[PDB]
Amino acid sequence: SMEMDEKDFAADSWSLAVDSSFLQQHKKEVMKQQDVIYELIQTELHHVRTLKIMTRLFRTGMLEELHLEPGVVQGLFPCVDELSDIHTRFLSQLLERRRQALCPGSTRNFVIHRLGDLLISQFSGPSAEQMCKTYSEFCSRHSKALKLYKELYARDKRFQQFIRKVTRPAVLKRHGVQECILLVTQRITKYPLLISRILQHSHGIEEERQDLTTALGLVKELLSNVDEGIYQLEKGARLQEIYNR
């Protein structure tokens, strides 16, 4: 992540991020809604950061330092460039909505009143079809990626040294290769939980309650489609094992 965004999302909540004199101008219901919207953006910033660790630290580091056989790096990090493009774009839209809402003279005081429309756009049309295609492919390659990682770590000395080197810093404590893969697989199922809680505190404007209700339905439709499109790939699986599923 870049320092400007890390600092803007350093606080544990929106109520601790904004100036106390600005917080005191809002009703409790607005504070509750803004705290959950802040958690959605903060966790999206961290999810994009997980994808940058996968693409820049691991994938590109293995290509530039190691002599892995062709197709091995793609097997460890399936769809990571596509996943990075989807979420970096979505994060960009969330951060621009926050930036437009800032009070003049402030880099921290804002209220986002219209998140629903942004979520409907993200979870409908071509962007939703791309999210569905990409997660159906990524989640079906999840087990294979973990097994390939374990095999390389146990048998390749230079691979083991590389992993131990780049994951040594304390800031990588939660972000080993297998941890990154599961953080990405679990991201999509966090959205309904966050959206439902934002919706609970968005009844003040009927058009906003309706828009978040539509967005929640679109997110659940995407999850149902991804879940129905998953079948774990396995290296060395024979055709007979597949057609006898």
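We number the residues from 1 along the sequence you see. Here the rigid core means the biggest group of C-alpha atoms that line up within 1.5 Å when the two forms are laid on top of each other.
Comparing 90-98 with 68-76 in 9 other deposited structures of this protein, after superposition on the rigid core, the stretch with the greater RMS C-alpha deviation is 68-76. A summary of the deposited B-factors shows that, of 197-205 and 24-32, the stretch with the larger mean C-alpha value is 24-32.
Two stretches are in play, 100-108 and 68-76, and the higher mean C-alpha B-factor belongs to 68-76.
Looking at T189, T60, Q42, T50, the one whose CA carries the top B-factor in the deposited record is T60. When the modelled residues of the chain are ordered by their C-alpha B factor, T88 lands in the lowest third. Sort the modelled residues of the chain by CA B factor and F162 lands in the middle third. Split the chain's modelled residues into thirds by C-alpha temperature factor. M2 is in the middle one. Annotation for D81: CA B-factor lies in the middle third of the chain's modelled residues. For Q122, the recorded CA temperature factor ranks within the middle third of the chain's modelled residues.
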